[PDB]
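Accompanying notes for the structure given below.
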Amino acid sequence: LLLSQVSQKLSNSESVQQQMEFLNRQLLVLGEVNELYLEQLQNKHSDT
Amino acid sequence: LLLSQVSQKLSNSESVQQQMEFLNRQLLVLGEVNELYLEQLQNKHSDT
Amino acid sequence: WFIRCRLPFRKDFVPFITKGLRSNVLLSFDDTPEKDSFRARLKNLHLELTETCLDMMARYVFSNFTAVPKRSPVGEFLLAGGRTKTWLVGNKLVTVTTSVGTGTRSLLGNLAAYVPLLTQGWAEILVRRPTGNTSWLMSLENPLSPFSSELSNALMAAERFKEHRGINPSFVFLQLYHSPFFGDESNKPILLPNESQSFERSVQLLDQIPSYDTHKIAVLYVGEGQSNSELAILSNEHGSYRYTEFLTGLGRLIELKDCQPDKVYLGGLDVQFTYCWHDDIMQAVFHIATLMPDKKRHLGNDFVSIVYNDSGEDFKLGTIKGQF
Amino acid sequence: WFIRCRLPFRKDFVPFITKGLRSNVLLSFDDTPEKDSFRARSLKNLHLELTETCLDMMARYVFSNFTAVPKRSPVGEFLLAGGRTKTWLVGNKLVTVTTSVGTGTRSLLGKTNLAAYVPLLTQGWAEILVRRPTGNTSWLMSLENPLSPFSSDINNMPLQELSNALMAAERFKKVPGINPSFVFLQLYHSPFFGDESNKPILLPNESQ
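Protein chains in written order, with the authors' numbering: chain D, 826 to 873; chain C, 826 to 873; chain A, 896 to 936, 1015 to 1082, 1182 to 1221, 1230 to 1245, 1494 to 1599, 1605 to 1626, 1636 to 1666; chain B, 896 to 937, 1015 to 1082, 1180 to 1242, 1468 to 1470, 1494 to 1525.
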């Protein structure tokens, strides 16, 4: 069981740290999109 | 006991991989909506 | 001025503002005055105004955002129909809501056994003070009672985001307000009856009224011989070139359609440019121009009008039949 | 027992309980023995402390149960690590507010054109933790009212390069933030505070 567990757990820890950094950046990408939306309205505020 | 802990976290880790994979998708949809908003900003902001 | 001033040294103003305020009042008083608390950080109308001034100072010192909220779409979906309550406390109006249990990922599709526990964490708090309303999406971290009542920690709090893609709501309220040994009626938290549709209706009507000031102004273009016409005035179109120019640079406008919500004044959704000045404290719409064509009443009801002369001694107030 | 007591029909005894409590303080002293049961809103000094602790525990465990230990998810730490903080004592409760300055983001980047207003991006997140006798519990928060579209300089917030920086971060694999004082002021500013004891107190952050 120990052999199986370490052979799985190395990749476990690595991909989990990945999983972590990926989700944090995804959460950050939301602030950008929100600012985009607000600036879109600001611009879109004026009529063509 | 220690190995039980390790294998349990393994199952939790591998089981949460579908959830980790989900995040990937949302990344693409955020990217494309970012592009859409940026180009909306283009054709309504970069005007004459 | 307290709005547009630069962020630093905004606070220290509040001392002097409050000083002038409260020294001004009490020249004819019945009530013992109440100061601020920023040392840690008919006269009825007078007190109303002073309260409003303090409210604005508070809500606007130390930072400045939109005066209204706008919860994220996935947010709204998450607490959709969650169990909610509301408590008047002082002059504020606190309100909270709590999730129901349904999982976004549960719909998205192991760990599906505790998705009610995952979901049930997040709640929402919302305060409606005189100077506008703000809110927050609350997220719990203190877990359940395991002994009495291997779980995805990060991805749990993940799904609470901005625009990505039941627990008794009294809980958090009594959390943030439970100094027990006082608050008899001076600062007594007060629940309103969920049954009391009258009280709920009154709270709604309160939401219906805007936080910023209201102004609407009628802009007219008379001609040269159109003086004292009273129809060629209104029925006019395509005013002089100079009048049209002055009109272009008159703030900003928003076309009336699906794009513009009732957020700004939508008076007369029928037909176009209807330029509308706009900032945060006040908002002035120019409800009618020559370009606009109840309508006759629409422009006969604007209390004040700017009018483009374009004649020689065109106008006297007696000319216009606009009573308001 | 009140813990082991069912979550439903838990509030029921609460007044009776404090009644049973106030009826044990009948004649020991009656300075401020008032009811104060939250059914409305929903030496003998040792006896006062007793009543305090018991009703506080009830309030903590009425309407649900929850362990008295908070442990923030990694996301919270990443966001508000080293954040600008402030703690007050509204009454016997200990309230603490913390505010993020986007430390981990600027870490993601490791350029004033970006780093100048990088924290401005995530300047919304915050965290409020309250420690009562019954333990401490907290919540992470995200204000959801955008900046003043014109009076709070949100237009001059270049973001295309920020998106480019975000892509770079993905490849990697005066005051710099808002003042947490704001949130607290918001959540308790009944301007005519009608109970002097309730007047919140800011402990001086610097004199340790």
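The beta-carbon is built from N, C-alpha and C at its ideal position, and this holds for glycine as well.
For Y1549/A, the enclosing beta strand (DSSP E) covers residues 1541-1549.
For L835/C, at least one C-beta of chain D is nearer than 7 Å to its own C-beta.
One Cα belongs to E1528/A, the other to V1199/A, and the distance between them is close to 15 Å. Cβ neighbours of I1582/A within its own chain (closer than 7 Å, five residues either side excluded): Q1588, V1592, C1609. At a cut-off of 7 Å, the C-beta of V841/C has a neighbouring C-beta in chain A. Under the 7 Å criterion on CB atoms, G1063/B is classed as interfacial with respect to chain A. Put simply, the CB of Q865/C is far from chain A, with every gap to its CB atoms at 7 Å or more.
A Cβ of chain C is located within less than 7 Å of the beta carbon of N868/D.
Look at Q1616/A here: in three-state DSSP terms it is strand.
Annotation: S1563/A to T1623/A spans about 8 Å, alpha carbon to alpha carbon. In terms of Cα proximity to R917/A, the closest of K906/A, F908/A, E929/A, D925/A is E929/A.
Our two residues, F847/D and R1240/B, have alpha carbons roughly 10 Å apart in a direct line. In terms of Cβ geometry, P1188/B and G1074/B form a close pair [threshold 7 Å]. With a threshold of 16 other beta carbon atoms within 10 Å, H1566/A falls short and is exposed. At least one CB of chain C lies nearer than 7 Å to the CB of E1230/A.
In the three-state reduction of the DSSP assignment, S1207/B falls in the strand class. Where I912/A is concerned, the enclosing alpha helix (DSSP H) starts and stops at 908-919. For the pair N859/D and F1050/B, the CB atoms are not nearer than the 7 Å cut-off. For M1030/A, the closest Cβ of chain B is not nearer than 7 Å.
As computed with DSSP, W1194/B is found in a beta bridge with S1211/B. Annotation: the continuous beta strand (DSSP E) that includes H1611/A extends over 1609-1611. Distances from the CA of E1024/A to each of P1202/A, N1651/A, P1517/A were compared; the closest alpha carbon is that of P1202/A. Secondary structure at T1071/A: strand, using DSSP grouped into helix, strand and coil. Inclusion of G1204/A and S1507/B in the CB contact set at 7 Å is not warranted, their separation being larger than that value. Check the Cα spacing between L1015/A and each of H1611/A, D925/A, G1642/A: the tightest is with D925/A. DSSP places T1059/A within a strand segment (E or B) once states are collapsed to three. Residues of chain A whose Cβ lies closer than 7 Å to the Cβ of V854/C are, in chain order, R1245. Under the Cβ distance rule, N1182/B does not count among the residues neighbouring chain D, no pair being separated by less than 7 Å. Beta-bridge annotation (DSSP): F1038/A is paired with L1216/B. Your pair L1575/A and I1561/A does not check out as a contact, with CB atoms roughly 16 Å apart and the cut at 8 Å.
Scanning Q843/D, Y862/D, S832/D for the CA closest to the CA of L1228/B turns up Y862/D. One Cα belongs to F1510/B, the other to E1021/A, and the distance between them is close to 15 Å.
At a cut-off of 7 Å between C-beta atoms, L828/D does not count as an interface residue with respect to chain C.
Note: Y1650/A is bridge-paired with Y1549/A in the DSSP secondary-structure output. If you compare the alpha carbons of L1216/A, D1535/A, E1196/A, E1573/A with that of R1044/A, the shortest gap goes to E1196/A. Burial of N837/D is indicated by the presence of at least 16 other C-beta atoms within 10 angstroms of its C-beta.
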